[PDB]
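Here's the letter readout for the chains.
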Amino acid sequence: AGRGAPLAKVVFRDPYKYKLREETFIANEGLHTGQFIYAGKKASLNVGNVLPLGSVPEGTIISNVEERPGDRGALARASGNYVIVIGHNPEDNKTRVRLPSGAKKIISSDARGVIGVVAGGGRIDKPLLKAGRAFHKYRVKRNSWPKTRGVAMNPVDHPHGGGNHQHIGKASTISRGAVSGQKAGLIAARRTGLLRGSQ
Amino acid sequence: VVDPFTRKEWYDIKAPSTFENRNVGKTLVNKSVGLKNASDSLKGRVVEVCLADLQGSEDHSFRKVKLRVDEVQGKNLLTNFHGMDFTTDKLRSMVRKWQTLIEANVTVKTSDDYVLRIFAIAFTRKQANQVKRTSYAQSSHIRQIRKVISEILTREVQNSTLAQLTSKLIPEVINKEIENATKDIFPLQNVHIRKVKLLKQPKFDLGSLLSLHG
Amino acid sequence: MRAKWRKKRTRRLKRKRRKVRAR
Amino acid sequence: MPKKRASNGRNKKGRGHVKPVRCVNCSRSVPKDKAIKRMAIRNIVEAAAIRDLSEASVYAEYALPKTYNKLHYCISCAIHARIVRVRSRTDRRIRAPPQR
Amino acid sequence: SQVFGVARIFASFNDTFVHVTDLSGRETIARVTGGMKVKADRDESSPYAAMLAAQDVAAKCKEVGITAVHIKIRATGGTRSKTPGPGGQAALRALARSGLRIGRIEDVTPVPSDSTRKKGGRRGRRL
Amino acid sequence: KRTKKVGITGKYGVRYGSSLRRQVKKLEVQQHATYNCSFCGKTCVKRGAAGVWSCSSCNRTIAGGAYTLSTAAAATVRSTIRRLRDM
Amino acid sequence: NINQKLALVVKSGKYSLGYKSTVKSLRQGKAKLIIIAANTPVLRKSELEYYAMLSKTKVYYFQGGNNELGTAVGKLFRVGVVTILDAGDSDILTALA
RNA sequence: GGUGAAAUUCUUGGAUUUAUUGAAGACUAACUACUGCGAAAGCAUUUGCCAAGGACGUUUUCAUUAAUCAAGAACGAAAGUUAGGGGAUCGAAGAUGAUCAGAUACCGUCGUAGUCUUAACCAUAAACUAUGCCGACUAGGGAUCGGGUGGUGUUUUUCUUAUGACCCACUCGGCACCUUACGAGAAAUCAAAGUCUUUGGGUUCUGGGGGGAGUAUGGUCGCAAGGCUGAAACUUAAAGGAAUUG
Ligand SMILES: [Zn+2]
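- Structure determination for this PDB entry was carried out by cryo-EM, with a resolution of 3.6 Å recorded in the header.

What follows is the structure, encoded as structure tokens:
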């Protein structure tokens, strides 16, 4: 509920007891019920299998990647997102990795990652239309919706507000070295206005 | 004014081991600065050289042979055949006007885990007693020539444990068997191997390389 | 004249008549 | 301007509109039939020496190879000195090449 | 008697490299270009610079300990020209005149077996 | 045939606009429409929530896309890992 | 190919479609060669291998699903397995497939 | 770097250059021609499936089942439009250096859309051989691409072989050329632009001095851009084709 990702619940054995422990995995697009999954160093390269970054070739695709070893997941958990492996290092166990925003990062070689793209892709494509559809999205998340424009408010309630005409008055580009209360607008902006093509 | 040229070593490269001459040149490396060895920046190098230098005659001055560096045994650093290739100016002379040329690609593994991509050029021959200008073969005949070129290369390779394969390839043995086999379908001429790339390899196996050096 | 400027004359004939007719 | 030539750009006959190719000098697009294709072989060492290199060198015989550069020229560019030179009315008809 | 290297000449328009290296290719000796000596923009590729660049290269390697080299000429290549410039073969003579030995020569311009697009446009450089 | 073009999105009537109603029509056809099953063979219906499909007459479930079973962005990854599996 | 020869068995020849009719024939020692589909499950596929090797019968794996194996035999419905008892003019018992 | 000469340049805390590799998206060079295939537009690395197709060979088969076609349909370069994916190179807009009396033009450095593809659209080009299809008959000449014939011909050589690959002559179909006009034409030129005042083989389409004008208006088709259809008032004695002198 309130998550762009269908989960998956896998049953593993306890090596030291006669018992079973279930773990909640994020399902990559390709999984199905009544399927085997192989997690470890010696595990093979298929969709669903969990491998450490060191035992994987260059140009592979993964998700639910750990920042450290033992983090239990962090990078690339959202819908239709995936991390690509670029480089390798023998000295210093540290692979090179590209994150879905664009900014690359060096991660340890023993860190994990589930193979394949995250399921439920193409969620953002359809428009919501009626406002009631947007209500039900935020109804099962937080209380962050019906946002009033700050310029429409009184000068007490917000900095932009006040005046006979609805205008801002002073520059919306606000510094990094500011304080809480002032920061309403574009915080530490390099560019402004309409950007063309290249991000 | 550092002068880094004078603070360097000089080493010997060795041929392993089907060529007659077992020594090539004199490469250089920087001195091993505290905690950093010079042998780390020696292994992994690729020294491309002429084949006629390795034997003598100018029949074999038609090719290029790479030598991947591996070990360091008292300055005499050891190598291994990385890839084979024809030179730039000597294959463009063959591609003349008014004749069809043929080529066939092959991918194969030897007894040892060594993946090898390997090509083969072949041109159409101008017969005796010809009033015609051209010598173009039909598309039906060339696709049967392209069949047989692939079969002979997949027979000799798969057999031969890499090291043994080079001793067959150097004194043009593979070029002869394609000519006599295909003459029923079409005469052909020249008939060369062009390239032999090496993609994948097993563990280093430092001592198996030493068996060549002897 | 050449048939893109002559042709651009139908911009100010059509869209100006749209304000005229739908009235 | 009436009919000038019969063949025109030449070899597009029993065939639709064909692939183009870029010129060397201008970097201009032109059909491969209407191309003016000179084949210029050159000695890799310049002939003004040529001894001076081979005197000081190692080895006997010596290969001394040649570059094999095939060229293309977009008609108007070729009239600057290249294989054209404007002809008379009846001189146009000669498809046999000059010399050799 | 003969310690070899690789001479390497980048005979393009508006510039002439002379880039001497060892047999493998990593460790360099000298990189004296034509445009370094003659300072007037125009005279970077011309035969005057080809002589002066090679003479300086000869003085470097003879002090270290390298007798002969393998010359390997290179044009602009790729989609561009594929035609050696003005100061291409002037570099070859200047090494022989100084008394540095030679062995095996080739031109290794990277000819693209089917290529990407070229500059100028569909109508080309209209001057 | 009743409608000239509007198709499935006639439920919204005259509201929201032309460009948005056609945008929705392309995706809302796919999520409601049927699949062809891989394991079973039979082909009806089926869809339940974004991502989860579906079971025809067998009782197996598969992690698919939001508004379609076979996402083309994931299908190319299915072939990409196929190639790297060889070595 | 296999698609050409299966047509020659249908006309002038005998065959039984489906899982149950295959097991009836394999028990009595009638079937000479069975043609298993691709998308058939592993638990069923493993069972027919065990039934076949007792009575000693060929099990050619048809490369293709059940929807196209049904079209191969000249029918308008999916089929998981096809036995061959007595092929008349066809030649699939002589060959390996 | 880049120019005819330059420059904003890009960078030095070796950019350019050298050597090892790796990822991404493109196009398939040289071989490539008075050659092939396709109804056209158009199509060029390898292998495997999938169905179609022309010509040739035939003491097979049915026995006029055919030709050309208003209405009505099928495909249809490049640009362009929506919506996804991709996004290396070149690149309208646009920035930005010079030249210039001005230059928002040609030259240069970058550069969004577009270029590639998947579902839809659009239906136009010098879509040009500026030559509508089906059928006869008229003149010589060698080449070439596909079959099919015969030659104690030449070679391949594993011995005769037997295929193949070459040669000599012949034959149907196809892309094209050369030389002559007895014919035709206003002439350039044409073996079809010939068999037309000695005018008649069958049939579809388009045109009637130049402009206004592929505009007005009304239909009809497209999300749009625009297509298809398509006038007149009114103006004027020339507009034009091929060739000869200067
Ligand atoms: Zn040009």
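Side note on the interface of chain A and chain F
- Every contact between the two is made by 28 residues of chain A and, on the other side, 29 residues of chain F.
- In total, about 2,400 Å² of surface goes out of reach between chain A and chain F, with carbon and sulfur atoms giving 65% of it.
- On the surface where chain A and chain F come into contact, there are 1 salt bridge.
- Measuring nitrogen to oxygen at the nearest pair gives 3.7 Å for the salt bridge that ties A:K126 to F:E28.
- The tally of links between chain A and chain F comes to 10 residue pairs in polar contact.
- Partitioning the side of chain A that touches chain F into residue classes produces 10 nonpolar, 11 polar and 7 charged.

Thoughts on unusual backbone geometry
- The step from F:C44 to F:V45 runs through a cis peptide bond, and the omega angle for that step is -10°.
- Structurally, F:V45 can be placed in the loop between α1 (18-32) and β1 (52-53).
- For the peptide bond that leads from F:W53 to F:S54, omega is 15°, which places it in the cis range.
- For F:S54, the location among the structural elements is in the loop between β1 and β2 (62-63).
- Unlike most non-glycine residues, B:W98 shows phi in positive territory, near 65°.
- Relative to the helices and strands, B:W98 is located in the loop between α2 (88-92) and β7 (101-103).
- Take B:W98: its relative accessible area is 47%, and that puts it in the partly exposed class.
- Positive phi outside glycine occurs at E:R104, with the angle close to 65°.

Considering the sheet that holds β7(B)
Residue and element names in this part refer to chain B.
- Read across the sheet, 3 strands follow the order β7-β10-β11 without closing on themselves; strand pairing throughout is antiparallel. Each edge of the sheet is formed by a strand with only one pairing partner; in this case those strands are β7 and β11 (189-192). Strand-to-strand twist across the sheet, computed as the mean angle between neighbouring axes with direction ignored, equals 15°.
- Note that β7 and strand β10 (residues 121-123) share 3 bridges and pair antiparallel. Across the sheet, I102 pairs through a bridge with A122, a residue of β10.

Some remarks on the protein's contact with RNA strand H
- In the vicinity of RNA strand H lie 82 residues, with C:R6, C:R11, D:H17, E:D114 and E:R126 positioned nearest.
- Counting only atoms of RNA strand H within 4 Å of the protein, the fraction found in sugar and phosphate groups is 73%.
- E:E44 has a polar side-chain atom sitting 3.0 Å from a base oxygen of RNA strand H.
- Of all the elements in the fold, those that place two or more residues in the surface near RNA strand H are α3 (139-156) of chain B, α1 (11-21) of chain C, β2 (15-18) of chain E together with α1 of chain F.
- A per-class count over the surface near RNA strand H returns 16 nonpolar, 25 polar and 41 charged.

So, the nonpolar core
- B:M84, B:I102, B:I118, B:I149, B:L153, B:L169 and B:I193 are the most contacted members of the largest nonpolar core, which totals 50 residues.
- A total of 6 residues in this core trace back to one element, the largest contributor, which is α3(B).
- Excluding residues within four positions of it along the chain, B:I149 makes contact with B:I102, B:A104, B:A120 and B:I178.
- Listed in part, the 28 residues of the second largest apolar core include E:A7, E:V57, E:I73 and E:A96.

A closer look at the coordination of the zinc ion
- Coordination of the zinc ion by the protein involves D:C23 (SG) and D:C74 (SG), with metal-donor separations of 2.2 Å. Of this pair, D:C23 sits in the loop between β1 (20-22) and β2 (29-31) while D:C74 sits in the segment after β4 (66-70), and the two are 51 residues apart along the sequence.

Some points on the pattern of salt bridges
- Overall, the coordinates contain 13 salt bridges over all chains when judged by the stated rule.
- When salt bridges that share partners are traced, they join B:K8, B:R45, E:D22 and E:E27 into one network.

Some points on the interface of chain G and chain F
- The interface of chain G with chain F comprises 4 residues on the first partner and 5 residues on the second.
- Inspection of the region where chain G meets chain F yields 0 salt bridges.
- Along the contact surface separating chain G from chain F lie 0 residue pairs in polar contact.
- When the residues that make up the side of chain G that touches chain F are grouped by side-chain class, the tally is no nonpolar, 3 polar and 1 charged.

Structural notes on a nonpolar patch on the surface
- The grouping of D:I75, D:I79 and D:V84 at the surface amounts to a nonpolar patch, some 230 Å² of accessible area in total.
- Looking at the secondary structure, you find D:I79 in the segment after β4.

How each quantity is defined
- Residues numbered from 1 in each chain as written, not as in the entry; some residues may be left out.
- Chains lettered and ligands numbered in written order.
- Part of a larger assembly, values for the part shown.
- Heavy atoms only, no water.
- Contact = heavy atoms within 4.5 Å.
- Buried area = accessible area lost by both parts, 1.4 Å probe.
- Salt bridge = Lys/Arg side-chain N within 4 Å of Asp/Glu carboxyl O.
- Polar contact = N/O pair within 3.5 Å; in protein donor to acceptor, adjacent residues only side chain to side chain.
- Nonpolar A, V, L, I, M, F, W, Y, C, P; charged D, E, K, R; others polar.
- Helix = DSSP H or I, 4+ residues; strand = E, 2+ residues; numbered from the N terminus.
- Buried < 20%, exposed > 50% of the residue type's maximum accessible area, 1.4 Å probe, protein only.
- Pairing = 2+ DSSP bridges.
- Axes fitted to C-alpha atoms, helices over the stretch in contact; angles between N-to-C directions.
- Near = heavy atom within 4 Å.
- Core = buried A, V, L, I, M, F, W, Y, C linked by side-chain atoms within 4.5 Å.
- Donors = N, O, S within 2.8 Å, 3.2 Å for Na, K, Ca; no water.
- Patch = residues over 30% accessible without salt bridge, like charges linked within 9 Å, V, L, I, M, F, W, Y side chains within 5 Å.
- Areas by Shrake-Rupley, 256 points an atom, 1.4 Å probe, with all protein chains shown as cover.

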